[PDB]
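Novice: Below is the file final-v3.pdb, with PDB, C-alpha atoms (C1' of nucleotides).
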```pdb
ATOM      1  CA  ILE A 463      88.512 -13.956 -62.105  1.00  0.00           C
ATOM      2  CA  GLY A 464      90.853 -15.548 -64.629  1.00  0.00           C
ATOM      3  CA  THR A 465      93.377 -12.710 -64.602  1.00  0.00           C
ATOM      4  CA  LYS A 466      95.174 -13.955 -61.476  1.00  0.00           C
ATOM      5  CA  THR A 467      96.079 -17.394 -60.146  1.00  0.00           C
ATOM      6  CA  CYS A 468      95.311 -18.366 -56.543  1.00  0.00           C
ATOM      7  CA  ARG A 469      98.952 -17.885 -55.609  1.00  0.00           C
ATOM      8  CA  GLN A 470      99.779 -14.185 -55.230  1.00  0.00           C
ATOM      9  CA  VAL A 471      96.052 -13.875 -54.557  1.00  0.00           C
ATOM     10  CA  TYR A 472      96.226 -16.081 -51.488  1.00  0.00           C
ATOM     11  CA  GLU A 473      99.405 -14.091 -50.882  1.00  0.00           C
ATOM     12  CA  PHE A 474      97.492 -10.910 -51.728  1.00  0.00           C
ATOM     13  CA  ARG A 475      94.915 -11.888 -49.112  1.00  0.00           C
ATOM     14  CA  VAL A 476      97.878 -12.440 -46.792  1.00  0.00           C
ATOM     15  CA  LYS A 477      98.822  -8.847 -47.575  1.00  0.00           C
ATOM     16  CA  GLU A 478      95.155  -7.876 -47.301  1.00  0.00           C
ATOM     17  CA  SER A 479      94.842  -9.694 -43.970  1.00  0.00           C
ATOM     18  CA  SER A 480      97.909  -7.787 -42.755  1.00  0.00           C
ATOM     19  CA  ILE A 481      96.436  -4.488 -44.004  1.00  0.00           C
ATOM     20  CA  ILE A 482      92.704  -4.882 -43.412  1.00  0.00           C
ATOM     21  CA  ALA A 483      91.494  -5.996 -39.995  1.00  0.00           C
ATOM     22  CA  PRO A 484      90.529  -9.693 -39.879  1.00  0.00           C
ATOM     23  CA  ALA A 485      86.912 -10.626 -40.489  1.00  0.00           C
ATOM     24  CA  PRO A 486      84.803 -11.723 -37.490  1.00  0.00           C
ATOM     25  CA  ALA A 487      83.663 -15.073 -38.960  1.00  0.00           C
ATOM     26  CA  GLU A 488      81.343 -15.743 -36.017  1.00  0.00           C
ATOM     27  CA  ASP A 489      78.751 -18.537 -35.976  1.00  0.00           C
ATOM     28  CA  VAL A 490      75.660 -18.789 -33.765  1.00  0.00           C
ATOM     29  CA  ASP A 491      73.141 -21.463 -32.782  1.00  0.00           C
ATOM     30  CA  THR A 492      70.666 -19.498 -30.550  1.00  0.00           C
ATOM     31  CA  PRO A 493      69.697 -20.774 -27.073  1.00  0.00           C
ATOM     32  CA  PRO A 494      66.517 -22.421 -28.432  1.00  0.00           C
ATOM     33  CA  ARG A 495      67.146 -25.719 -30.225  1.00  0.00           C
ATOM     34  CA  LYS A 496      63.662 -27.228 -30.605  1.00  0.00           C
ATOM     35  CA  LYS A 497      60.240 -27.508 -28.952  1.00  0.00           C
ATOM     36  CA  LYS A 498      58.761 -24.869 -26.601  1.00  0.00           C
ATOM     37  CA  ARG A 499      57.266 -23.139 -29.668  1.00  0.00           C
ATOM     38  CA  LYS A 500      53.816 -24.689 -30.136  1.00  0.00           C
ATOM     39  CA  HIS A 501      51.667 -22.905 -32.712  1.00  0.00           C
ATOM     40  CA  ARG A 502      48.799 -22.759 -30.219  1.00  0.00           C
ATOM     41  CA  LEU A 503      50.925 -20.235 -28.325  1.00  0.00           C
ATOM     42  CA  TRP A 504      51.109 -18.305 -31.593  1.00  0.00           C
ATOM     43  CA  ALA A 505      47.314 -18.468 -31.749  1.00  0.00           C
ATOM     44  CA  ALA A 506      47.318 -17.543 -28.069  1.00  0.00           C
ATOM     45  CA  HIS A 507      49.758 -14.758 -28.945  1.00  0.00           C
ATOM     46  CA  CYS A 508      47.393 -13.848 -31.774  1.00  0.00           C
ATOM     47  CA  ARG A 509      44.499 -14.124 -29.311  1.00  0.00           C
ATOM     48  CA  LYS A 510      46.281 -11.624 -27.062  1.00  0.00           C
ATOM     49  CA  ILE A 511      46.575  -9.195 -29.973  1.00  0.00           C
ATOM     50  CA  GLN A 512      43.013  -9.915 -31.126  1.00  0.00           C
ATOM     51  CA  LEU A 513      41.398  -9.016 -27.812  1.00  0.00           C
ATOM     52  CA  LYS A 514      43.587  -5.931 -27.360  1.00  0.00           C
ATOM     53  CA  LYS A 515      42.710  -3.932 -30.485  1.00  0.00           C
ATOM     54  CA  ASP A 516      41.689  -6.302 -33.311  1.00  0.00           C
ATOM     55  CA  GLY A 517      38.245  -6.565 -31.720  1.00  0.00           C
ATOM     56  CA  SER A 518      37.280  -3.380 -33.563  1.00  0.00           C
ATOM     57  CA  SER A 519      38.103  -5.010 -36.936  1.00  0.00           C
ATOM     58  CA  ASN A 520      38.065  -1.619 -38.682  1.00  0.00           C
TER      59      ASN A 520
ATOM     60  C1'  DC B   1      12.324 -37.716 -17.637  1.00  0.00           C
ATOM     61  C1'  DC B   2      13.803 -32.625 -16.979  1.00  0.00           C
ATOM     62  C1'  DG B   3      16.996 -29.868 -16.052  1.00  0.00           C
ATOM     63  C1'  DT B   4      20.011 -27.990 -12.929  1.00  0.00           C
ATOM     64  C1'  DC B   5      25.099 -26.156 -12.325  1.00  0.00           C
ATOM     65  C1'  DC B   6      29.009 -26.933 -10.726  1.00  0.00           C
ATOM     66  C1'  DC B   7      33.030 -28.981 -10.446  1.00  0.00           C
ATOM     67  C1'  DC B   8      36.717 -31.660 -12.687  1.00  0.00           C
ATOM     68  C1'  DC B   9      39.291 -31.415 -16.743  1.00  0.00           C
ATOM     69  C1'  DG B  10      42.579 -29.880 -20.254  1.00  0.00           C
ATOM     70  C1'  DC B  11      45.659 -26.848 -21.044  1.00  0.00           C
ATOM     71  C1'  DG B  12      49.074 -23.609 -20.020  1.00  0.00           C
ATOM     72  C1'  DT B  13      53.076 -21.346 -16.638  1.00  0.00           C
ATOM     73  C1'  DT B  14      57.121 -21.955 -13.590  1.00  0.00           C
ATOM     74  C1'  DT B  15      58.955 -24.024  -9.253  1.00  0.00           C
ATOM     75  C1'  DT B  16      61.077 -27.590  -7.974  1.00  0.00           C
ATOM     76  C1'  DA B  17      62.860 -31.315  -6.511  1.00  0.00           C
ATOM     77  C1'  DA B  18      63.562 -36.057  -8.052  1.00  0.00           C
ATOM     78  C1'  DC B  19      67.567 -37.737 -10.857  1.00  0.00           C
ATOM     79  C1'  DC B  20      71.975 -38.997 -11.808  1.00  0.00           C
ATOM     80  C1'  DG B  21      76.523 -39.299 -11.005  1.00  0.00           C
ATOM     81  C1'  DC B  22      80.052 -39.400  -8.221  1.00  0.00           C
ATOM     82  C1'  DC B  23      82.480 -39.411  -3.560  1.00  0.00           C
ATOM     83  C1'  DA B  24      83.335 -41.252   1.158  1.00  0.00           C
ATOM     84  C1'  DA B  25      82.991 -44.607   5.668  1.00  0.00           C
ATOM     85  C1'  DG B  26      82.128 -47.946   8.112  1.00  0.00           C
ATOM     86  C1'  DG B  27      78.366 -50.077  10.051  1.00  0.00           C
ATOM     87  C1'  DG B  28      77.399 -54.337   9.832  1.00  0.00           C
ATOM     88  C1'  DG B  29      75.916 -58.565   6.955  1.00  0.00           C
ATOM     89  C1'  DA B  30      78.122 -62.631   6.401  1.00  0.00           C
ATOM     90  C1'  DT B  31      81.350 -66.066   7.455  1.00  0.00           C
ATOM     91  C1'  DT B  32      84.828 -69.283  10.571  1.00  0.00           C
ATOM     92  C1'  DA B  33      86.094 -71.162  14.485  1.00  0.00           C
ATOM     93  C1'  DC B  34      84.880 -73.444  19.305  1.00  0.00           C
ATOM     94  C1'  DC B  35      82.531 -75.667  22.344  1.00  0.00           C
ATOM     95  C1'  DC B  36      79.320 -76.759  25.699  1.00  0.00           C
ATOM     96  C1'  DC B  37      74.786 -77.441  27.150  1.00  0.00           C
ATOM     97  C1'  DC B  38      71.070 -79.270  25.356  1.00  0.00           C
ATOM     98  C1'  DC B  39      67.876 -81.870  23.189  1.00  0.00           C
ATOM     99  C1'  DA B  40      67.114 -86.926  21.534  1.00  0.00           C
ATOM    100  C1'  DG B  41      66.818 -91.240  23.250  1.00  0.00           C
ATOM    101  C1'  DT B  42      65.977 -95.508  26.879  1.00  0.00           C
ATOM    102  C1'  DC B  43      64.436 -97.357  30.809  1.00  0.00           C
ATOM    103  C1'  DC B  44      61.212 -97.265  34.333  1.00  0.00           C
ATOM    104  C1'  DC B  45      57.192 -96.226  36.674  1.00  0.00           C
ATOM    105  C1'  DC B  46      52.319 -94.134  37.696  1.00  0.00           C
ATOM    106  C1'  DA B  47      48.539 -90.965  37.976  1.00  0.00           C
ATOM    107  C1'  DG B  48      46.302 -88.314  34.669  1.00  0.00           C
ATOM    108  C1'  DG B  49      43.059 -88.870  31.480  1.00  0.00           C
ATOM    109  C1'  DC B  50      39.523 -91.175  28.999  1.00  0.00           C
ATOM    110  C1'  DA B  51      35.622 -94.482  28.826  1.00  0.00           C
ATOM    111  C1'  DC B  52      31.158 -95.788  31.144  1.00  0.00           C
ATOM    112  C1'  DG B  53      27.057 -94.997  34.082  1.00  0.00           C
ATOM    113  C1'  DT B  54      24.863 -92.363  36.606  1.00  0.00           C
ATOM    114  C1'  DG B  55      21.280 -89.724  37.910  1.00  0.00           C
ATOM    115  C1'  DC B  56      19.673 -85.983  39.126  1.00  0.00           C
ATOM    116  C1'  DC B  57      19.148 -81.674  38.609  1.00  0.00           C
ATOM    117  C1'  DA B  58      18.465 -77.536  37.147  1.00  0.00           C
ATOM    118  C1'  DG B  59      18.794 -76.485  33.189  1.00  0.00           C
ATOM    119  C1'  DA B  60      16.168 -76.522  29.369  1.00  0.00           C
ATOM    120  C1'  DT B  61      11.097 -77.162  26.883  1.00  0.00           C
ATOM    121  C1'  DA B  62       6.367 -76.053  26.578  1.00  0.00           C
ATOM    122  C1'  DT B  63       1.962 -73.255  28.514  1.00  0.00           C
ATOM    123  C1'  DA B  64      -1.205 -68.533  29.707  1.00  0.00           C
ATOM    124  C1'  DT B  65      -1.382 -63.594  30.258  1.00  0.00           C
ATOM    125  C1'  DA B  66       0.014 -58.548  30.477  1.00  0.00           C
ATOM    126  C1'  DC B  67       1.768 -55.385  27.854  1.00  0.00           C
ATOM    127  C1'  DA B  68       3.613 -53.023  24.028  1.00  0.00           C
ATOM    128  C1'  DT B  69       3.391 -51.627  19.138  1.00  0.00           C
ATOM    129  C1'  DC B  70       1.571 -50.386  14.687  1.00  0.00           C
ATOM    130  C1'  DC B  71      -1.840 -48.516  11.943  1.00  0.00           C
ATOM    131  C1'  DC B  72      -6.568 -45.856  10.339  1.00  0.00           C
ATOM    132  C1'  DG B  73      -9.620 -43.292  11.250  1.00  0.00           C
ATOM    133  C1'  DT B  74     -10.684 -39.628  13.423  1.00  0.00           C
ATOM    134  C1'  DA B  75     -11.236 -34.984  14.653  1.00  0.00           C
ATOM    135  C1'  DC B  76      -9.151 -31.285  15.609  1.00  0.00           C
ATOM    136  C1'  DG B  77      -6.301 -27.481  14.504  1.00  0.00           C
ATOM    137  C1'  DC B  78      -5.075 -24.246  11.162  1.00  0.00           C
ATOM    138  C1'  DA B  79      -3.673 -21.791   7.792  1.00  0.00           C
ATOM    139  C1'  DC B  80      -5.296 -21.752   3.683  1.00  0.00           C
ATOM    140  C1'  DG B  81      -8.289 -19.848  -0.613  1.00  0.00           C
ATOM    141  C1'  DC B  82     -12.533 -18.168  -1.590  1.00  0.00           C
ATOM    142  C1'  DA B  83     -15.675 -15.081  -0.585  1.00  0.00           C
ATOM    143  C1'  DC B  84     -17.846 -11.756   1.518  1.00  0.00           C
ATOM    144  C1'  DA B  85     -19.190  -7.378   3.982  1.00  0.00           C
ATOM    145  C1'  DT B  86     -17.370  -3.321   5.142  1.00  0.00           C
ATOM    146  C1'  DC B  87     -13.704   0.013   5.226  1.00  0.00           C
ATOM    147  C1'  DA B  88     -12.465   2.826   2.205  1.00  0.00           C
ATOM    148  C1'  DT B  89     -12.150   5.813  -2.169  1.00  0.00           C
ATOM    149  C1'  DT B  90     -13.835   7.975  -6.154  1.00  0.00           C
ATOM    150  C1'  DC B  91     -17.037  10.597  -9.461  1.00  0.00           C
ATOM    151  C1'  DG B  92     -20.534  14.083  -9.257  1.00  0.00           C
ATOM    152  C1'  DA B  93     -22.850  17.935  -6.961  1.00  0.00           C
ATOM    153  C1'  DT B  94     -22.179  20.578  -3.968  1.00  0.00           C
TER     154       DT B  94
END
```
Let's see the structure in the file written out as structure tokens.
Specialist:
Amino acid sequence: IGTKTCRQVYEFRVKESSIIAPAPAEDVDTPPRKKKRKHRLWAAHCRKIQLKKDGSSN
DNA sequence: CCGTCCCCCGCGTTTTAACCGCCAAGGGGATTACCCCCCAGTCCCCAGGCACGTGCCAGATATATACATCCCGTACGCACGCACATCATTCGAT
């Protein structure tokens, strides 16, 4: 927005930060990093589903 | 060669226990210092061992015979299949 310069907008966000509760700004990485996810397990996981009810195939 | 089947194997969970990293202690390897008692070395002396012959020995080496062993054929058993008669069952009239 070209109507306002960063100053008094940075300051407006200072006012906004004092009015509105601060944002969480949380970052995650998940416990899994790599490996332990072989696609044969997926096929095995698919095999588990296949034998359960996909055997009918209707 | 036929063909059998099971039993290792991949492959996948999940338990764990090696793995490291560090901490702690002193047992104990390694070293110095001393010294004596201990082996080398000489001299001397002598019987223990080897060389040489010797015979005798029994030790071996050959005989002959009794006996043991293996193998084939044999017959004998025997359970077998084949085959039968007979025990049994069926079709018809009673």
Novice: Give as a list in words every residue of chain A that touches chain B within 12 Å, counting all atoms listed in the file.
Specialist: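 Using all atoms listed in the file, chain A residues at most 12 Å from chain B: residues 498, 500, 502, 503 and 506 of chain A.
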Novice: Separation of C1' of residue 17 (chain B) and CA of residue 493 (chain A), in Å?
Specialist: 24.1 Å
Novice: What's the separation between CA of residue 516 (chain A) and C1' of residue 10 (chain B), in Å to one decimal place?
Specialist: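 Separating CA of residue 516 (chain A) from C1' of residue 10 (chain B) is a distance of 27.0 Å.
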